[PDB]
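Laid out in structure tokens, this is it:
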């Protein structure tokens, strides 16, 4: 929600996803900013066609977007004989989409 | 002119590989290994690549580790007045802007505007930046993205942006104790993570010694430097006639 | 580091000269002497160690 | 209802120009509280900026403000009624009975 | 980035603190110019730019070769105040004996360091024995499992030469970099295998 | 201002007027008795030293905050000064 | 009770010129006493009642004239001459009593503000408007409130005052 100029109103300005109907994002391992936005992309597939109502209007746009990603294990590819929950830092449900 | 003819004589020499490496900077003595590297960084290589897809690497990036307050600072002082429009930052300001490309807040009727930072202005420039240990962990993936392909991307609170800032980094970080271990490997004294090492070339680590002969000659080497006038050392090339020489060197495609 | 503060600065020494002539100003009988400054150190000892109870 | 925007005891200099040339210090919430009672909730679920306001109106019957205008001491006879909740569930007995909410003791 | 430091001293010092009282005993009852020295320096900074001869450099190398018995940071600045003292006391030319007061001040500069950052005496022992306490339990334990209650009750009391928690947390971040271990909270860990 | 004096530098007849409210207007130059009524009229302008000027200062009042009722906030009022 | 502390203040209500120095040796004058402790006898009206009868001694608190608006600054005014130099307390209460309370309030500006008057003669406005500096000659009477509950006397002191360098020297 980009704010208004002087005689204007609190309007709605999209970002990445509502442009990209059939495209690409990237989430590899922004470790600090992982807990910030991962609660906004795993509800783009589960609750598919997601939009929101912060401090404005309660609407819902449509976005049948596609996600690819290029994640990166902490060090080498076989950091363990132990399984994938030991290898990546992600948890199960966002991985399960 | 004769200066355009001066290149045609100077291109027909034979030892000018060794003439160049001896004529880099008077602020250091010895260590021809590090001197061979910084020359190749100063020139450019090739960047043209495969059709319809990937642009490959444009250049080579070489860092040097070593103990501080030593000959490491001299090359850094040398290049920033010698290279075309090359800039210098310390990178401690890692949270506001600069190294980390970070959008400014709304001012005078516009939010989401682009920012400065001594990274996207190394166009025909060899930016230099030191002390990798003392920053945070967030930039360490950010410049890691800035290394492989020559663009960076940002979509922070505003539309996406793709700026193609082709670059040539050059670094000088610090060891874990100031003194370099010998029996061990550099895997412990690098004080970084693993994949940015393999994303890089080799560092040509500077070693030191408390030897009773090398000190006196370096003392005599340094005292003629801060003479008011003792310009007895003869570099075979000038600052400018080396500068136009590499400007003749860049325009091929071997 | 149990109770007390200070390590005897001259900034405390010059201050004890300051309040003495102050109390010599209010009770001026032109008697700037040992007894006048004996009123002064009388106050610094009771201001200090107010925590020892 | 204890929603703690700045305005719980102040004015915030809202004048609305009062027909081109009149500026008025519009009464937020103390002209109703006078010789009456109030009640507010969720003390620990608040920011800092209300807590500095409840400091003043308890030590002193009046607020006095000069935001972009006039210093004015207007009087107020108020009496709050509080409601908060402890933090860590049922931890009151196994720890100190004090500090159990650990909001500043300026109010306690 | 600075050249030479100094610390001021303090003690009980009964002969001197009594003397310092005598200074403040005075200055209450009842050439040192205010402009003449000021115009004396502001002329004397930019008009005569003095020289340097061989008479200094011979003694100069004689100092450092015994000093080696920093590297060059100390060498660059040691001539500058040697130049300026020659520029101050004799407003013409170089001096050859201005360097004994140069080595007078910097010898007092290194008096402040007789006694981790620029030191490695604790760092020639801390990395050694911490490289020992890994290899023993990893030859006892078939797994790489090392929990937090074991490591407090293993390495805090084998030796009393190391601090309790001020340097054991930073002890493991370098082992995080040196292909040994990983962090999983204030509990269970995961170690190196073969 | 309480009195006025315009001079036209031809006749020297200083036209006087009463001072009204805070906004007023000067008059013309062909209104006098000597410098008027011909083919040449002296062009008027003002004068400082021949114009007596008074004192003026503005202040605002509030209420004692003890005789105010339990309700509304007190309000201001405008006051002026004249004389000395 | 407390005849000791009521005696410690009357000496400071007269002050006096420290020494007519003549030469450029501006010596310190006007010592400052601070208090601490948490009685229930409403410590505020103990000290501030002295201030409202002592000469030129202006009252202050934590809110309002904070350590940035303790000196003078430039602000908004009515339609008449704007950008005047509106003051706080110390540009008007020169050579008097600066009776402060609530020392844990607005300390990001206050901790600068207390040093700059304990330092002699640098009450200034180092803004983008001007770089002019005015005088500083006023005594300070402070009352710091403790941490939660009582100050534990068996515990260490300076657990509740946050300025070591302002105090012990």
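Chains as they are written, first to last, in PDB author numbering: chain Y, 580 to 676; chain H, 510 to 763; chain F, 677 to 729; chain V, 433 to 540; chain P, 701 to 730, 741 to 779, 793 to 838, 851 to 929; chain D, 255 to 338; chain C, 424 to 592. For every residue, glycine included, the Cβ atom is placed at its ideal position computed from N, Cα and C.
| Query | Result |
| --- | --- |
| Where residue 685 of chain H meets chain P, residues with beta-carbon distance less than 7 Å | 909 |
| Cutoff 8 Å: residue 595 of chain Y Cβ touching any chain H Cβ | yes |
| Classification of residue 493 of chain C by the beta-carbon crowding that lies within 10 angstroms, buried from 16 upward | buried |
| Of the residues F:689, F:699, F:696, the one placed nearest residue 721 of chain P, counting alpha carbons only | F:689 |
| Straight-line Cα distance separating residue 594 of chain Y from residue 918 of chain P | 36 Å |
| Residue 523 of chain H versus residue 544 of chain H: straight-line alpha-carbon distance, rounded | 19 Å |
| Nearest candidate by alpha-carbon position, reference residue 642 of chain Y, set Y:629, Y:649, Y:636, Y:648 | Y:629 |
| Coarse secondary structure for residue 299 of chain D, derived from DSSP in three states | strand |
| The segment 605 to 612 of chain H / the segment 713 to 723 of chain H touching (three or more Cβ pairs under 8 Å) | no |
| Cβ separation of residue 646 of chain Y and residue 624 of chain Y, assumed to be a contact under 8 Å, to the nearest whole Å | 7 Å |
| Rounded straight-line distance, which links the Cα of residue 490 of chain V to that of residue 483 of chain V | 11 Å |
| Nearest neighbour of residue 498 of chain C, chosen from C:522, C:551, C:425 [CA to CA] | C:551 |
| Min CB distance residue 704 of chain F to chain P below 8 Å | no |
| Reduced DSSP category for residue 589 of chain H - H, G, I as helix; E, B as strand; rest coil | helix |
| Interface partners of residue 748 of chain P on chain H, CB under 8 Å | Ordered by position in chain H, no residue passes the 8 Å Cβ test against residue 748 of chain P, which lies about 27 Å from the chain. |
| Cβ contact check for the segment 505 to 512 of chain V and the segment 509 to 517 of chain C: 3 or more pairs under 8 Å | no |
| Chain-ordered neighbours of residue 275 of chain D on chain V, where CB pairs are closer than 9 Å | Correct list: empty, because the minimum Cβ distance to chain V is about 16 Å. |
| Beta-carbon proximity list for residue 609 of chain Y, same chain, < 6 Å, skipping 5 on both sides | none |
| Identified DSSP bridge partners for residue 314 of chain D | D:332 |
| Chain V residues whose Cβ lies nearer than 9 Å to that of residue 271 of chain D | Within chain V, no residue comes near residue 271 of chain D; the closest Cβ sits about 29 Å away, beyond 9 Å. |
| Delimiting residues of the beta strand (DSSP E) encompassing residue 771 of chain P | Where residue 771 of chain P is concerned, there is no enclosing beta strand (DSSP E), although the alpha helix (DSSP H) it sits in stretches over 764 to 777. |
| Contact set between residue 647 of chain H and chain Y, taken where Cβ atoms lie within less than 7 Å | 611 |
| Beta-bridge pairing of residue 509 of chain C - partner residues as DSSP gives them | C:496 |
| In DSSP terms, what residue 882 of chain P is bridged to | DSSP lists no partner for residue 882 of chain P. |
| Minimum Cβ-Cβ distance from residue 450 of chain V to chain D less than 8 Å | no |
| Any non-hydrogen atom of the ligand NAP closer than 7 Å to residue 557 of chain C Cβ | What this structure holds is no ligand at all, so the ligand NAP is not there to describe. |
| Inter-residue Cα distance where the pair is residue 425 of chain C and residue 725 of chain F | 15 Å |
| Cβ-Cβ separation, residue 642 of chain H to residue 690 of chain H (assumed contact under 8 Å), whole Å | About 16 Å; that fails the 8 Å criterion. |
| Backbone CA spacing between residue 673 of chain Y and residue 705 of chain H [nearest angstrom] | 27 Å |
| Exposure of residue 706 of chain P, with buried meaning 16 or more beta-carbon neighbours within 10 Å | exposed |
| Distance, residue 614 of chain Y Cα to residue 465 of chain C Cα | 48 Å |
| Three-state secondary structure (DSSP) of residue 619 of chain H | strand |
| DSSP three-state assignment for residue 757 of chain H, whether helix, strand or coil | helix |
| At least three beta-carbon pairs within less than 8 Å, the segment 282 to 301 of chain D to the segment 260 to 269 of chain D | yes |
| CA nearest to the CA of residue 644 of chain Y, picked from Y:581, Y:599, Y:667 | Y:599 |
| Nearest to residue 533 of chain C (by Cα), restricted to the options C:518, C:544, C:487, C:555 | C:487 |
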